[PDB]
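> any chance you could fold what I've pasted below:
(one chain, ligands or ions: 11)
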Amino acid sequence: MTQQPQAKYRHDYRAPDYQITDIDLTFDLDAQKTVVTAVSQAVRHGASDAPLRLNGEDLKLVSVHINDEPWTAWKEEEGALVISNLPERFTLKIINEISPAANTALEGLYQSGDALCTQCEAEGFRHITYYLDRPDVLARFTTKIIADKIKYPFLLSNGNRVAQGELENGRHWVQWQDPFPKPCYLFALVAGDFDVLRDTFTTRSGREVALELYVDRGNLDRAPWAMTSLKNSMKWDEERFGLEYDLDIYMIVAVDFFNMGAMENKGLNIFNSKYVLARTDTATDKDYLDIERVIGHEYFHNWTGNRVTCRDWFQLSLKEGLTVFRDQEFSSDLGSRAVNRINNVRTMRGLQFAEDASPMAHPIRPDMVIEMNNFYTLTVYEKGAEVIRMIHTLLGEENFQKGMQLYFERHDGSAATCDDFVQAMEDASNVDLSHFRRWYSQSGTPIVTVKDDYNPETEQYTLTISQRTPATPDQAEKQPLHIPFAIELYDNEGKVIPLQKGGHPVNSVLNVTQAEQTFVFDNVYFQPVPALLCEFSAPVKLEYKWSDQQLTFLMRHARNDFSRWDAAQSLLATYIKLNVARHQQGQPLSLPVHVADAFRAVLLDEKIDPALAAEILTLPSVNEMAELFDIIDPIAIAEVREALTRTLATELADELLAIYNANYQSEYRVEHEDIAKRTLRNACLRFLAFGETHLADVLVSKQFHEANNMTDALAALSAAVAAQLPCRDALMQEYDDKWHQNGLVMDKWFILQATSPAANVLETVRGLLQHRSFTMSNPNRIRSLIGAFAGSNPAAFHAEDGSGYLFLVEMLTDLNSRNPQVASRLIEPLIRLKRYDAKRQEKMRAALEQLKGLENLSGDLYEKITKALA
Ligand code: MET
Ligand code: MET
Ligand code: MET
Ligand code: NA
Ligand code: NA
Ligand code: NA
Ligand code: NA
Ligand code: NA
Ligand code: NA
Ligand code: NA
Ligand SMILES: [Zn+2]
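Numbers count the residues shown, from 1 in each chain. Ligands and ions are numbered 1, 2, ... in the order given. The structure is reproduced below:
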């Protein structure tokens, strides 16, 4: 059932009965008890008898005044203060109390170490005061903060400092104003003691912006890369999208206790310190690139999110899909576009596709939501970005930029919908996107089937392409989509055959708009090898009967790097499926020599970009492998990935070592070419680790001990864990002894513990709940130990005895009361039960039923559990 008393429905959206135009807040801050005074200027738009319904959660109400009159015509109901008999225009004054120190959910105003900080997206501001906590209510904020000066020397909020003072009893105050109207999800406050990295950026039209990065005392050495990436973000948004920052100060605060990654609060972003702090001996290349991504992402929200915001939470993809697309384009333009595209596609096929088949399936613009924090999803974010990328593919850059400009010109200063965005793109480009809009309302992954025919008499190549989407748990009815289907045809020399029809050029993006259609190309002078769905031109599963030689030919000749990688993946997939079937019969790994040879050729190809080689030589993860099957056998998948690694290691031993030694770098630098060389080197080391044991142990221990950087040390440590080499325990103990007082660094070690293939991994993981560097109160530690076990150690999580499931239930029973958002993230592997065999399925079901009986089950878990048990 898509019918629930607690569910909200998109189709029920109505404009609010009241608006707020200006709000003046005062915080009398204290960790045990904070007093909030909120003075709002309000305007009734609806009927004279409609009351004002303000959202509020766990607030202690002290007083309510309307135009300075203490009010009697109100009542408190569950999650609301309902005020009747209001004039048309009035001043509302609310005083209420809250308690940051009791806030373990980390929603609203809470404590991160000694700091106080906020998280208001999506519906967190209602935990601070009674408000119209909905993003179509935009208001101008003024925020005054009063606090103990020794404990909270920095008092920050959105915008600029407009006033400040010193009081008796060691207190002081600062007031802030932000001139841009905003929804309350974008409000922020920080109070604490910090080191501050200060810099400036001058915008293209000459506006000077003060940049300020606040980090815990002692962490300034790990701040410069984030600062540099902020500057890069600003410069890039200017160059690519013509967008400049619109305020005088840009503040970022790094906090250790944060449920998500980061938050785009206007002028005052708040970041998980995971996505800020880096130095060469604490952070890997991938960490540096993630910091760049996330810094960029929150900056890009300043236009796609802040200057134009969301009419209601069902429109989340309006800002997230677009902003992810922007962070991907940023990463891609500065770094390796091919490697970016490859990794985004790995995430789509391996994690997103699984969600879109799960009980939690939803369209990128959802129709029904119980707990909005459950919809910060792979679908809304990653599939949302693929939908924007499809629009880009259909329109081309120049038309796409015209559409962006019309979107802002229409909607700057307001809350918009997905439909308003698509309409701006259509009106600016004159490309019809009516059919295309179905991508917003339909869930599930389309399956595109392609058959082909070559007619040597006429030199025609005919593609017959059909599509369908299977029913999903949320929708019984599906229809065809407007699928942009990019192709390239290759001749026997590896050259592109021009596409034509009736002696006229044809565009290489086919418009696959029907359940079935046929495309006929002329002057196809040789029987072509096709590259199909180039650059993953739509988020679909492809069914095409590839021969192994078509694939190996594409690996050698395809023009774009991505299609070379994509062909390698299709070549492995066949043999992954073969060998999972073999594993279930107790048979050894079987692989044809010609498949090993194709990978040999990549290793020895002198012209190939090392970043591309490295991705071709990174086997699909267990998640991407799971996509290939209707019923997942988690034990066979893990064992096949390991056996395939062992087999290629034996077969390619000499070549692996040679490429490993050739890519040795004496200097460490954070530069894309050097990163590419290192990623290839370490991909070779991974295979070598699974080869002959004595050489493995020597290469790995030596890389670890001689590393001048976390990238090379961690690649070695990870390989020792994964291949269970003799040096493993000693390297793990060394890392612990060196880094235990550094939580971000320890997260890597917890993930390696959690993902270990050793036989007693669950026992070791349970014992790590008492480790000196673990705490249940910190979301990063939880995700690194518990989340990695459940989500990335499928063979242990899915042990036949059900011990993995019980472990997760015990953890969830704690997190359901402590931090429901983290609990809901962690439950995800249990809700996939219908992908598994009957026996596993029945144990997963019993685990879910046990959680369903928790006293005070959170809405967050309830939504996922009821869908899963349906
Ligand atoms: C609701 S927290 C998510 C923060 C921000 N919208 C991001 O995209 O990372
Ligand atoms: C890959 S083009 C060839 C299509 C089909 N095998 C034919 O011979 O007509
Ligand atoms: C994943 S390393 C194996 C476990 C390690 N020896 C420990 O007990 O901490
Ligand atoms: Na308003
Ligand atoms: Na936003
Ligand atoms: Na690039
Ligand atoms: Na990768
Ligand atoms: Na249209
Ligand atoms: Na065919
Ligand atoms: Na593929
Ligand atoms: Zn975002």
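> next, count neighbours for the residue of the stretch 551-700 of the chain found nearest ligand 11.
Nearest residue of the stretch 551-700 of the chain to ligand 11: residue 623, at 22.6 Å (C-beta to the ion). In short, each C-beta sits where N, CA and C put it, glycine included. Look at residue 623: counted by other C-beta atoms under 10 Å, it has 19 neighbours.
> list the contacts of residue 556.
Residue 556 makes contact with 494, 564, 601, according to C-beta atoms under 8 Å, 6 or more residues apart in numbering.
> mind running it again at 7 Å?
By C-beta atoms under 7 Å, 6 or more residues apart in numbering, the contact set of residue 556 is residue 601.
> from ligand 3, how far out is it?
As defined by C-beta to the nearest ligand atom, to the nearest Å, residue 556 lies at a distance of 39 Å from ligand 3.
> equivalent analysis for residue 201, please.
Taken as C-beta to the nearest ligand atom, the span from residue 201 to ligand 3 is 44 Å.
> the residue of the stretch 551-700 of the chain closest to ligand 11 should be in a strand, yeah?
No: looking at residue 623 with DSSP: H, G, I helix; E, B strand; the rest coil, it is helix, so not inside a strand.
> name the element residue 175 belongs to?
Applying DSSP states H and E as the criterion places residue 175 in strand 171-177.
> neighbouring strands for that strand, and are they parallel or not?
Applying DSSP bridges, strand 171-177 is found paired with strand 140-148 (antiparallel), strand 160-166 (antiparallel).
> just to revisit the earlier point, report the separation between the closest residue to the residue of the stretch 551-700 of the chain closest to ligand 11 other than its chain neighbours and ligand 3.
Distances taken as C-beta to C-beta, 6 or more residues apart in numbering put residue 350 closest to residue 623, at 4.3 Å, once the chain neighbours are dropped. For residue 350, the distance to ligand 3 equals 24 Å [C-beta to the nearest ligand atom].
> helix/strand/coil for residue 350?
Assigned by three-state DSSP, the conformation of residue 350 is helix.
> check contacts around the closest residue to ligand 4 within the chain.
In the chain, no residue comes nearer to ligand 4 than residue 19, which is 4.1 Å away by C-beta to the ion. With contact taken as C-beta under 7 Å, 6+ apart, residue 19 is in contact with 42, 43, 45, 137.
> would you map out the domains in the chain?
Taking curated CATH domains as the criterion, the chain consists of the domains 15-194, 195-279, 280-443, 444-545, 546-870.
> and the longest one with ligand 10, contact?
Yes: counting by C-beta under 5 Å from the ion, ligand 10 is contacted by domain 546-870 at 566, 569, 570.
> what helix or strand is the last one on?
Spelled out, that is residue 570. helix 561-584.
> tell me where the stretch 151-300 of the chain has strands.
For the stretch 151-300 of the chain, the strands defined by DSSP state E, counting those that start in this stretch cover 154-157, 160-166, 171-177, 189-192, 195-202, 208-215, 249-255, 262-263, 268-272.
> let me know which of those is the nearest to ligand 11.
Closest of the strands of the stretch 151-300 of the chain to ligand 11 is strand 262-263, at 8.1 Å (criterion: C-beta to the ion).
> list the helices and strands that closest one packs on?
Judged by 3 or more C-beta pairs under 7 Å, 6 or more residues apart in numbering; DSSP states H and E, the packing partners of strand 262-263 are strand 268-272, helix 285-300.
> can you tell me if the first one touches ligand 1.
No: with C-beta under 6 Å from any ligand atom as the criterion, ligand 1 is not reached by strand 268-272; the gap is at least 9.2 Å.
> strand partners (parallel or antiparallel) of that strand?
strand 249-255 (parallel), strand 262-263 (antiparallel).
> distance to ligand 3 added to those, as a markdown table?
Formatted as a markdown table, the strands paired with strand 268-272 follow (distance: least, C-beta to the nearest ligand atom, whole Å):
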| stretch | distance to ligand 3 |
| --- | --- |
| strand 249-255 | 29 |
| strand 262-263 | 30 |
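> any idea how far the residue of the chain most remote from its centre is from residue 490?
No residue in the chain sits farther from the centre than residue 457, which is 50.9 Å out by C-alpha atoms, centre = their mean. Going from residue 457 to residue 490 by C-beta to C-beta, to the nearest Å gives 21 Å.
> now swap in residue 407 and tell me
Using C-beta to C-beta, one obtains 38 Å as the distance from residue 407 to residue 490.
> and if you look at residue 820?
For residue 820 relative to residue 490 (C-beta to C-beta), the value is 52 Å.
> does the residue lying closest to residue 572 once chain neighbours are set aside sit in a helix, a strand or a coil?
Leaving aside its sequence neighbours, residue 572 sits nearest to residue 620 (C-beta to C-beta, 6+ apart; 6.6 Å). Under three-state DSSP, the three-state class of residue 620 is coil.
> give me the neighbour count for residue 620.
Neighbour tally, residue 620, other C-beta under 10 Å: 21.
> going forward can the numbers begin at 45, since that is how I track them
In the new count, where the first residue is 45, that last one comes out as residue 664.
> specify the beta-bridge partners of the residue nearest to residue 259 when sequence neighbours are not counted.
Leaving aside its sequence neighbours, residue 259 sits nearest to residue 298 (C-beta to C-beta, 6+ apart; 4.8 Å). Per DSSP bridges, the residues bridged to residue 298 are residue 315.
> pretty sure residue 489 contacts residue 397?
Yes: between residue 489 and residue 397 there is a contact under C-beta atoms under 7 Å: 5.2 Å.
> who in the protein is up against ligand 5?
Residues of the chain lying near ligand 5 (C-beta under 5 Å from the ion): 308, 345, 349.
> neighbours around the nearest residue to residue 712 once chain neighbours are set aside, how many?
Take residue 712 and drop its neighbours on the chain: the residue closest to it by C-beta to C-beta, 6+ apart is residue 753, 4.4 Å away. Residue 753: 20 surrounding residues under other C-beta under 10 Å.
> smallest gap between the stretch 545-694 of the chain and ligand 8, at which residue?
Closest point on the stretch 545-694 of the chain to ligand 8, by C-beta to the ion, is residue 557, at 13.1 Å.
> doesn't residue 479 make contact with that residue?
Yes: counting by C-beta under 7 Å, residue 557 does reach residue 479; the two are 6.1 Å apart.
> for the closest residue to ligand 5 within the stretch 445-594 of the chain, give me the backbone phi and psi.
Nearest residue of the stretch 445-594 of the chain to ligand 5 (C-beta to the ion) works out as residue 459 at 10.3 Å. With angles defined as degrees, to the nearest 10, residue 459 sits at phi -100, psi 130.
> and it, what are its bridge partners?
Beta-bridge partners of residue 459, as defined by DSSP bridges: residue 353.
> picking up where we left off before, so who does the residue nearest to residue 259 touch?
Neighbouring residues of residue 298 by C-beta under 7 Å, 6+ apart: 258, 259, 315, 317, 320, 321.
> also residue 330?
Contacts for residue 330 (C-beta under 7 Å, 6+ apart) come out as none.
> sorry, back to before: by neighbours, which of the residues of domain 590-914 next to ligand 10 wins?
Counting neighbours by other C-beta under 10 Å, residue 610 leads these with 25 neighbours.
> what's the spacing between that one and ligand 3?
Distance of residue 610 to ligand 3, computed by C-beta to the nearest ligand atom: 33 Å.
> for the strands paired with strand 215-221, which one sits closest to residue 587?
strand 184-192 (52.9 Å; C-beta to C-beta).
> report the buried residues of the closest one.
184, 185, 186, 187, 188, 189, 190, 191 (16 or more other C-beta atoms under 10 Å).
> repeat for stretch 740-750
Of the residues in stretch 740-750, 740, 741, 743, 744, 745, 747, 748 count as buried by neighbour count, 16+ other C-beta under 10 Å.
> kindly export the strand or helix carrying the second one (C-alpha atoms) in CSV.
This means residue 741. Element membership for residue 741 (DSSP H and E) is helix 737-750. Taking C-alpha atoms only, helix 737-750 is exported to CSV below (Å, rounded to 0.1, in the frame of the first residue of the first chain):
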residue,chain,number,x,y,z
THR,A,737,52.3,-15.4,-1.4
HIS,A,738,55.9,-14.7,-0.6
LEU,A,739,56.3,-12.0,-3.3
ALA,A,740,52.9,-10.6,-2.3
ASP,A,741,53.9,-10.2,1.4
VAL,A,742,57.2,-8.5,0.4
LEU,A,743,55.7,-6.0,-2.1
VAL,A,744,52.8,-5.1,0.2
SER,A,745,54.7,-4.7,3.5
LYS,A,746,57.4,-2.7,1.8
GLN,A,747,54.9,-0.3,0.1
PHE,A,748,53.3,0.1,3.5
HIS,A,749,56.5,0.8,5.4
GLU,A,750,58.0,3.1,2.8
